[PDB]
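> Take a look at the following structure, please.
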Amino acid sequence: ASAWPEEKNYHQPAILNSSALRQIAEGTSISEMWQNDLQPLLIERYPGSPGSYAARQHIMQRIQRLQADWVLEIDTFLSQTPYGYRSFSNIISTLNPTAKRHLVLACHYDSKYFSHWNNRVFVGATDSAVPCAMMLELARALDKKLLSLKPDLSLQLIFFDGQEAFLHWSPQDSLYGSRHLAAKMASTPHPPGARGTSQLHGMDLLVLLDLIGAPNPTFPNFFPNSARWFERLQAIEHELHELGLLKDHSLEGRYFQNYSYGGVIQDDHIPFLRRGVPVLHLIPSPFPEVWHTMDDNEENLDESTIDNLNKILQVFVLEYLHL
Ligand SMILES: [Zn+2]
C-alpha cells in the first residue's frame, strides 16, 4: 500500500538563484500576453453562448501551438440551472496524464450573464479573463522548460466553465463546472489501474486564481495546510522586488501580506477543498472595486501589477516542479 499520496506533504521547492530569477523576469511579456492571450477573451462568454465557444477555442488553440506535450480534454456535462437543463464544458490541459502527482493551476473562463445594459456588455476582465491569460502566458513563457518533462510530478491547468450564478449566488446556482469536475476526479482512479487512489489524491495543490488585474491586490493566507506555499509566494515576491525585477512595486504595498482570513469565500476551490485537496486561493480581499459591474473591463486593469504577478507565479511553478 504505497504512501505516494503523502509525498505532497514533504515536497520542497528547488529555489531559483538570482540569475535564474532575472531570466524568468525577462522571459515573460505582458504586452504579448495582452494582445495574444487576453484581448481575445474580453468578450461576453456566459455558459452556452457563442462567446463561450470562442473562448474555449482560443484557450485550446493557444495551448496547442506550444511545444510542450499538453493533452487537452473538454469535460462536457449537463446540469439543472434556474433556466432549466444546460450544457457546460470545463477545459483541462495536462502534461504527463499518467504522472501520479500534478501541481494544478486553475481559474474560471465563463463570464457572468447580464442582459446588455445601455449598450454595455459584461466581460469580466479581472473575473476572470486576466487569470485565464496569466495561465496561458505562463504556459507560453515556460514552454521550453515544461517541454523537458516530456519526482513523478507534473503540471495541469483547469479552466472551469460555469463558476458564476445565472442569477445571484446560491448553493445550487454557481460552481457548476467545479462541483462537477471535483466529483468526477474524486471517482476516477489514478494513476490508471489503481485500486484505491483517485485523481484528487494526485492533486498536490490547487492554485486557484480569481479576480486578478485591479490595482493594489492583497491576497490573504487562507489555509494552514497551504500556508508554507503562501510563504514561498511572499519570499518570491520579496526577492524579485529586491532584485529590481518588479514594476511600480513597494514592500509596504506588497501583494502577499502576513494576514489570514477566517471566513469562507465561495469559489471553484470549494468542491475540491471539501474533498481534502490542499488549496492556495489567489483571490484578493477585498475584491476589485469594479467586481460584478460593467466597469470590470480592460481600461480598469493595472498592467504592471499583472506583469509582476506573472513573474511571481512563473517562479513559483518552476520552483515547485524543480525546473
Ligand atoms: Zn464573478
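How things are named: the first chain in the C-alpha cells is A, the next is B, and so on; residues count from 1 in each chain; ligands count from 1 in the order shown.
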If you count only C-alpha atoms, which residues fall within 12 Å of residue A:171, apart from same-chain ones fewer than 6 positions away, as a list in words?

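Listed by chain and then number, they are residues 81, 82, 163, 164, 165, 179, 266, 267, 270 and 271 of chain A.
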
> For residue A:199, list every protein, DNA or RNA residue within 7 Å, evaluated using only C-alpha atoms, and leave out those in the same chain fewer than 6 positions away; present the list as a list in words.

residues 185, 186, 188, 189 and 190 of chain A

> Just want the residues within 8 Å of ligand 1, written as a list in words, counting only C-alpha atoms and all ligand atoms.

residues 111, 112, 124, 127, 128, 163, 164, 211, 291 and 292 of chain A

> Could you write out the selected residues, including N, CA and C atoms, as a CSV table (one decimal), in the first residue's frame?


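As written to disk, again-v1.csv reads:
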```csv
chain,number,residue,atom,x,y,z
A,111,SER,N,-18.1,34.0,-18.2
A,111,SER,CA,-18.3,35.4,-17.6
A,111,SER,C,-19.7,35.4,-17.2
A,112,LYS,N,-20.0,36.2,-16.2
A,112,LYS,CA,-21.4,36.3,-15.6
A,112,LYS,C,-22.4,36.8,-16.6
A,124,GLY,N,-16.1,40.7,-17.6
A,124,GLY,CA,-15.3,40.2,-16.5
A,124,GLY,C,-13.8,40.2,-16.8
A,127,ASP,N,-12.3,39.0,-13.8
A,127,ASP,CA,-13.2,37.9,-13.4
A,127,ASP,C,-13.8,37.0,-14.5
A,128,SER,N,-12.9,36.2,-15.1
A,128,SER,CA,-11.5,36.0,-14.8
A,128,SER,C,-10.7,35.9,-16.1
A,163,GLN,N,-18.6,29.0,-13.4
A,163,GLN,CA,-18.3,29.4,-12.0
A,163,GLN,C,-19.5,30.3,-11.5
A,164,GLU,N,-19.9,31.2,-12.3
A,164,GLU,CA,-20.9,32.2,-12.0
A,164,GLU,C,-22.4,31.8,-11.8
A,211,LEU,N,-10.2,37.0,-9.8
A,211,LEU,CA,-10.3,38.5,-9.6
A,211,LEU,C,-9.0,39.2,-9.5
A,291,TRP,N,-15.9,44.8,-9.2
A,291,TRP,CA,-16.5,43.5,-9.1
A,291,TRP,C,-18.0,43.5,-9.5
A,292,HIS,N,-18.3,42.7,-10.5
A,292,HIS,CA,-19.6,42.5,-11.0
A,292,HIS,C,-20.3,43.7,-11.5
```

> Name the residues in contact with residue A:280 at a cut-off of 9 Å, using only C-alpha atoms, excluding same-chain residues fewer than 3 positions from it; report them as a PyMOL selection string.

chain A and resi 205-209+221-223+225-227+229-230+269

> When you draw a straight line from atom CA of residue A:91 to atom CA of residue A:145, how long is it in Å?

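According to the coordinates, atom CA of residue A:91 and atom CA of residue A:145 are separated by 22.5 Å.
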
> Return as a PyMOL selection string the full set of residues in stretch 216-316 of chain A whose backbone-based DSSP assignment is alpha helix (DSSP H).

chain A and resi 227-242+270-273+303-316

> Using only C-alpha atoms, which residues sit within 12 Å of residue A:196 once same-chain residues fewer than 2 positions away are excluded, as JSON, numbers by chain?

{"A": [1, 2, 3, 4, 5, 186, 187, 188, 189, 190, 191, 192, 193, 194, 198, 199, 200, 201, 202]}

> At what distance in Å, to one decimal, does atom CA of residue A:68 lie from atom CA of residue A:97?

12.9 Å

> At a cut-off of 10 Å, can you tabulate as JSON lines every residue of stretch 141-211 of chain A near stretch 298-317 of chain A together with its closest atom pair and the distance in Å to one decimal, using only C-alpha atoms and ordering rows by chain then number?


```
{"residue": "A:141", "atom": "CA", "partner": "A:314", "partner_atom": "CA", "distance": 8.1}
{"residue": "A:142", "atom": "CA", "partner": "A:314", "partner_atom": "CA", "distance": 7.5}
{"residue": "A:155", "atom": "CA", "partner": "A:317", "partner_atom": "CA", "distance": 8.6}
{"residue": "A:207", "atom": "CA", "partner": "A:313", "partner_atom": "CA", "distance": 9.8}
```

> Include N, CA and C atoms and write out the residues we just selected as a CSV table (one decimal), in the first residue's frame.


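File written: again-v4.csv
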```csv
chain,number,residue,atom,x,y,z
A,141,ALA,N,5.5,31.2,-21.7
A,141,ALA,CA,6.8,31.6,-21.2
A,141,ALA,C,7.7,30.5,-20.7
A,142,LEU,N,7.1,29.5,-20.1
A,142,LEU,CA,7.8,28.3,-19.5
A,142,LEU,C,7.9,27.1,-20.5
A,155,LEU,N,2.4,19.1,-14.3
A,155,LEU,CA,1.6,20.3,-14.3
A,155,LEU,C,0.3,20.1,-15.0
A,207,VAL,N,-3.9,25.7,-7.1
A,207,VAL,CA,-3.7,27.2,-7.0
A,207,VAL,C,-4.7,27.8,-7.9
```

> Per residue of stretch 85-198 of chain A within 6 Å of stretch 70-74 of chain A, which atom pair is closest and at what distance in Å (one decimal), using only C-alpha atoms, listed by chain and increasing number, as a Markdown table?


```
| residue | atom | partner | partner_atom | distance |
| --- | --- | --- | --- | --- |
| A:90 | CA | A:74 | CA | 5.8 |
| A:91 | CA | A:74 | CA | 4.8 |
| A:92 | CA | A:73 | CA | 5.2 |
| A:93 | CA | A:72 | CA | 4.6 |
| A:94 | CA | A:71 | CA | 5.1 |
| A:95 | CA | A:70 | CA | 5.0 |
```

> Just the selected residues (N, CA and C atoms), exported as a PDB file, in the first residue's frame, please.


```
ATOM      1  N   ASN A  90     -15.843  22.144 -19.118  1.00  0.00           N
ATOM      2  CA  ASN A  90     -14.569  22.533 -18.475  1.00  0.00           C
ATOM      3  C   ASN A  90     -13.451  22.215 -19.461  1.00  0.00           C
ATOM      4  N   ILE A  91     -12.359  22.976 -19.412  1.00  0.00           N
ATOM      5  CA  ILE A  91     -11.194  22.697 -20.260  1.00  0.00           C
ATOM      6  C   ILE A  91     -10.086  22.210 -19.338  1.00  0.00           C
ATOM      7  N   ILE A  92      -9.499  21.032 -19.608  1.00  0.00           N
ATOM      8  CA  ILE A  92      -8.407  20.566 -18.771  1.00  0.00           C
ATOM      9  C   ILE A  92      -7.187  20.371 -19.693  1.00  0.00           C
ATOM     10  N   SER A  93      -6.042  20.932 -19.305  1.00  0.00           N
ATOM     11  CA  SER A  93      -4.832  20.818 -20.130  1.00  0.00           C
ATOM     12  C   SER A  93      -3.823  20.145 -19.211  1.00  0.00           C
ATOM     13  N   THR A  94      -3.283  18.950 -19.598  1.00  0.00           N
ATOM     14  CA  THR A  94      -2.404  18.246 -18.676  1.00  0.00           C
ATOM     15  C   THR A  94      -1.063  17.822 -19.264  1.00  0.00           C
ATOM     16  N   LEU A  95       0.028  17.988 -18.514  1.00  0.00           N
ATOM     17  CA  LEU A  95       1.326  17.483 -19.003  1.00  0.00           C
ATOM     18  C   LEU A  95       1.472  16.175 -18.240  1.00  0.00           C
TER      19      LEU A  95
END
```

> May I ask which of the residues A:87, A:57, A:257, A:126 is the closest one to residue A:213, counting only C-alpha atoms?

A:126

> Where in stretch 21-157 of chain A does DSSP assign strand (DSSP E), given as an NGL selection string?

:A and (71-79 or 86-94 or 101-108 or 153-157)

> Out of A:182, A:60, A:55, A:214, which residue has the shortest atom-to-atom distance to residue A:297 when counting only C-alpha atoms?

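The answer is A:214, which sits nearest to residue A:297.
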
> Work out how far apart atom CA of residue A:218 and atom CA of residue A:283 are and give it in Å to one decimal.

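About the pair atom CA of residue A:218 and atom CA of residue A:283: they are 8.3 Å apart.
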
> Pick the closest to residue A:197 from A:17, A:101, A:231, A:115: which is it, counting only C-alpha atoms?

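With only C-alpha atoms as the atom set, the closest residue is A:101.
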
> Counting only C-alpha atoms, what is within 10 Å of residue A:256, bar same-chain residues fewer than 6 positions away, as an mmCIF file with C-alpha atoms, in the first residue's frame?


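Written file, part_1.cif:
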```
data_model
loop_
_atom_site.group_PDB
_atom_site.id
_atom_site.type_symbol
_atom_site.label_atom_id
_atom_site.label_comp_id
_atom_site.auth_asym_id
_atom_site.auth_seq_id
_atom_site.Cartn_x
_atom_site.Cartn_y
_atom_site.Cartn_z
ATOM 1 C CA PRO A 217 -4.491 43.476 -4.630
ATOM 2 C CA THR A 218 -3.915 41.965 -1.167
ATOM 3 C CA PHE A 219 -4.084 38.113 -1.040
ATOM 4 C CA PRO A 220 -4.651 36.642 2.425
ATOM 5 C CA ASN A 221 -3.128 33.322 3.603
ATOM 6 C CA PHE A 230 1.796 31.068 0.610
ATOM 7 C CA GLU A 231 5.077 31.902 2.407
ATOM 8 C CA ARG A 232 7.017 30.873 -0.717
ATOM 9 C CA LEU A 233 4.921 33.357 -2.736
ATOM 10 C CA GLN A 234 5.840 36.041 -0.193
ATOM 11 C CA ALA A 235 9.523 35.118 -0.463
ATOM 12 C CA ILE A 236 9.491 35.119 -4.243
ATOM 13 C CA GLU A 237 7.766 38.484 -4.326
ATOM 14 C CA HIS A 238 10.296 39.886 -1.861
ATOM 15 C CA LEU A 282 -5.161 33.505 -5.131
ATOM 16 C CA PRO A 284 -7.749 39.278 -3.303
#
```

> Excluding residue A:319 and any residue of its chain fewer than 6 positions from it, enumerate the residues within 9 Å of it, using only C-alpha atoms, and give them as a PDB file with C-alpha atoms, in the first residue's frame.


```
ATOM      1  CA  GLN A  12      10.037  21.094  -1.113  1.00  0.00           C
ATOM      2  CA  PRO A  13      10.750  23.665  -3.803  1.00  0.00           C
ATOM      3  CA  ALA A  14      14.078  23.856  -5.695  1.00  0.00           C
ATOM      4  CA  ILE A  15      14.647  27.616  -5.237  1.00  0.00           C
ATOM      5  CA  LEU A  16      15.874  29.717  -8.184  1.00  0.00           C
TER       6      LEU A  16
END
```
